[PDB]
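From first to last, the protein sequence lines stand for chains L, H and P. According to the entry's author numbering, the first sequence holds residues 1 to 120, 130 to 153, 158 to 205 in order. According to the entry's author numbering, the second sequence holds residues 1 to 130, 134 to 222 in order. So the mapping is simple: the entry's author numbering equals the position in the third sequence, first residue as 1, plus 657. Here a beta-carbon is modelled for each residue, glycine too, at the ideal position from N, C-alpha and C. Let me begin by presenting the structure, written as structure tokens, before commenting on it.
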Amino acid sequence: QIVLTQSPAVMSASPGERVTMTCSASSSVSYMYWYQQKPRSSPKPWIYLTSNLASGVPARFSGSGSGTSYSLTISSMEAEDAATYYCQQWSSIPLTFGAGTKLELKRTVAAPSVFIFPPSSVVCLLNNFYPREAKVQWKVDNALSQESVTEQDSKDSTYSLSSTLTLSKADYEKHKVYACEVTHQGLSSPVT
Amino acid sequence: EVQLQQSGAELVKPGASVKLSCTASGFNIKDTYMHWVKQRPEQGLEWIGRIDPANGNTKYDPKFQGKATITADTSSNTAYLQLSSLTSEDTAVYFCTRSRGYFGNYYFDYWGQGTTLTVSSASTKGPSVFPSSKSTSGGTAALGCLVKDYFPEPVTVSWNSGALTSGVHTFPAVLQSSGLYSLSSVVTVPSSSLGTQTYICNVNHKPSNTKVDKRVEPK
Amino acid sequence: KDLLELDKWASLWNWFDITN
């Protein structure tokens, strides 16, 4: 079974610069096919027959390669391209896909703003931070939940986190201070 | 103008059978093949198989055979996908596409809208729901609701039916170890406008038919 | 019907369209 190991899986790029992403196979194939899938939408076909664009694909996109070397390159990146670009072959059965590379926009370095909600389950909030990497640590009475991160926002290309600390009503009235600590990227210190 | 009309979302029991649909419009299916693709959530695409609508040329992924059964109706122009012994790994979103072989350059030109499938045994659980000096930051105060302990997805959450458009963040739900879903939906207001302008989260859970209007009042 | 839905069997069919 010829499988497609696609790379770089996670990447970031701003507008104007070129973007090249590959999709190598475990055995030599003759053509590579590219599909772009936006969130909550069916995958739209991009490149067919190694280097033939579809109807609505901008001419800035282009493919190339031969054998197991197969890739997709963008002349100058724009904004409405941030999605996953799954690859596929048609040379051998079963037909396999790649795991797709997630494309993100390169925003300016910005730390988030911390906020806490109290149960009247404690909910902590992170708003509009780039990049997406973050570390959340709950501290109930200085003693060390489920995370939730939104997609890259279409207005500012920033992410937002939501950590939901679940605690029973019996253990909620036993302690006092309920804090939420965050360590960001640009910030050289933590918050609470 | 070519479209593929699939079916709606499903919720089956662990081990039961379920069949999906894909009504192709704008063309004759006998002029092409029909392929189904399974996409595990937050993961990649998995090719299921295909069927020749005119006659028997049905292929499947050898790791997918026995579980999948793809049929077709020539006069109805609709492709069907039957599954059996639904498990937690089978919980995924399923698509529908076509391929004209060499004359259509092989690539999947037109895709369906996609169908979401879910497998569990704790069915039809209505959603449970839940502004202070520690919720504000620089003239902007954060407030929201907590939609917890509902099944199955999704739960539409709107604020005042069109108000407070900007600054809204309805986070994707998490699968708690209890078996039920729970998400959050916050919204940012001004310094003292939280108590002046009335804000309310409109949580609507269509599966359980549970429409809940919760009012968020400051502390 | 593999010879019409597979990749390598396209350069072959390209030669039928220029030799018919």
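Against chain P, a Cβ distance below 8 Å from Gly101 of chain H picks out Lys658, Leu661, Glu662.
Here the alpha carbon of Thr22 of chain L sits roughly 10 Å from the alpha carbon of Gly98 of chain L. Contact of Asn57 of chain H with chain P is assigned, a C-beta pair being separated by under 8 Å. Relative to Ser181 of chain L, the option among L:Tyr33, L:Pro119, L:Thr68, L:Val145 whose CA is nearest is L:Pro119. In the structure shown, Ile29 of chain H adopts helical secondary structure according to DSSP, grouped into three states. By the beta-carbon neighbour count (other beta carbons within 10 angstroms, threshold 16), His35 of chain H is buried. Under the Cβ criterion of 8 Å, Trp672 of chain P is not counted among the residues facing chain H. The residues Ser71, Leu72, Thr73, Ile74, in chain order, have a CB closer than 8 Å to that of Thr20 of chain L in the same chain once the five nearest residues on each side in sequence are set aside.
By the Cβ rule, the segment 105-115 of chain L counts as touching the segment 158-178 of chain L, because three or more pairs are nearer than 8 Å. Between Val158 of chain H and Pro175 of chain H the beta-carbon gap is near 11 Å, outside 8 Å, which marks them as no contact. Against chain P, the CB of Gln89 of chain L has a partner CB under 8 Å away; the residue lies at that interface. Using a Cβ-Cβ cut-off of 8 Å, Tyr33 of chain H counts as an interface residue toward chain P, since at least one Cβ of chain P sits closer than that to its own.
Nearest Cα to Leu81 of chain H within the set H:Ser88, H:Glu89, H:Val93: H:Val93. For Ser30 of chain L, the chain P residues whose C-beta falls within less than 7 Å of its own C-beta are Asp664, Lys665, listed in chain order. Of the candidates L:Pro39, L:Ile2, L:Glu160, L:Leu135, L:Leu135 places its Cα closest to the Cα of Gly170 of chain H. For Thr199 of chain H, there is no enclosing beta strand (DSSP E); the residue is found in the alpha helix (DSSP H) stretching over 196-199. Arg218 of chain H is bridged by DSSP to H:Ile203. In terms of Cα proximity to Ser185 of chain H, the closest of L:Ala183, L:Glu194, L:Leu178, L:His188 is L:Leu178.
Using a Cβ-Cβ cut-off of 8 Å, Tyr106 of chain H counts as an interface residue toward chain P, since at least one Cβ of chain P sits closer than that to its own.
Pairing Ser91 of chain L with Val10 of chain L gives a Cβ-Cβ distance that is not under 8 Å. In this structure the segment 94-105 of chain H lies against the segment 26-40 of chain H, because at least three pairs of beta carbons, one per stretch, are closer than 8 Å.
In this structure the segment 68-86 of chain H lies against the segment 11-28 of chain H, because at least three pairs of beta carbons, one per stretch, are closer than 8 Å. When DSSP states are grouped into helix, strand and coil, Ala79 of chain H belongs to the strand group.
By the 16-neighbour rule on beta-carbons within 10 angstroms, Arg18 of chain L is exposed. DSSP places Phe95 of chain H outside both helix and strand once states are collapsed to three, so it counts as coil.
Assignment of beta-bridge partners to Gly63 of chain L by DSSP yields L:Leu72.
Closer than 8 Å to the CB of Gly8 of chain H there is not a single CB belonging to chain L.
Excluding the 5 residues flanking it on each side, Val204 of chain L has same chain C-beta neighbours closer than 6 Å at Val114, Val195, in chain order. With its beta carbon at least 8 Å from every one in chain L, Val206 of chain H lies outside the interface.
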